[PDB]
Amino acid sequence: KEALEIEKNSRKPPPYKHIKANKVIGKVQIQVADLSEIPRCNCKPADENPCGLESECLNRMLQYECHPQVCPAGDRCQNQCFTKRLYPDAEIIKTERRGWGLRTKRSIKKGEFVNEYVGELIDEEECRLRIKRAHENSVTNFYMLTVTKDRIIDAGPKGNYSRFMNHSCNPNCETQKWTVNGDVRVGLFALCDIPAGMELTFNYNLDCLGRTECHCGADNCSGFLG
């Protein structure tokens, strides 16, 4: 008769549409630069690792992605991460107290691009409506991230593997706001070297708009999510 035996471990996460890039919703509009507006860095195509993590790259320093038609380095440019969508291979995992999570299948170096946070791009009003409807339906998983005050990415209905990354108070990745072809997008970047097999986490820096309990396990855990 066991309450322990009532095995309701979902064998798979609830459905979502796995998408490559953000999808604008309602009033939210498409932001695209003219090729004439893309910043050009001063890296040289002869450089070792042109526009790389260790480089002086003026674009990378200001979190601007290079456009290959613009960059002096051509297709050798190592600052095309968002557009190339080269992500370390990742795997969805089941946790006991934090739902589904995500782990890396390979080793990742400090500062390396891990993923793009993609989803439906919605305005504040739509964000609030969605949160209200979620509370009315006793939903406890939220996938909303503010890019700017009226541009919020909702990775709930549609997203990529980044939607599975859990919150940690002592994370191994962080979000950064980058400009890519005149649009503001959100990347996840490693804060440290990460061995293959490790769960990938970031600090949500949550604006709660009461608190949810945090199970991240960190020594500095506040006890509360975000």
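Residues carry their position along the shown sequence, with the first being 1.
In terms of unmodelled positions of the deposited sequence, the stretch from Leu209 to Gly210 in this entry skips 1 to 3 residues. Checked against the record, the higher mean CA B factor of 94-102 and 136-144 lies with 136-144. For the segment pair 122-130 and 109-117, the entry gives 122-130 the higher mean B-factor, averaged over Cα atoms.
When the C-alpha B-factors of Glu199, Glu48, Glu37, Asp183 are read from the PDB record, the largest value belongs to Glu48.
Within the listed group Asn42, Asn160, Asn166, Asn172, the record reports its top CA B-factor for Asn42. The deposited CA B-factor of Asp89 belongs to the middle third of values across its chain. Split the chain's modelled residues into thirds by C-alpha temperature factor. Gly187 is in the lowest one. Among the modelled residues of the chain, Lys12 sits in the highest third by CA temperature factor in this PDB entry. Sort the modelled residues of the chain by CA B factor and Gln69 lands in the highest third. Looking at the C-alpha B-factors along this chain, the one for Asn59 belongs to the middle third.
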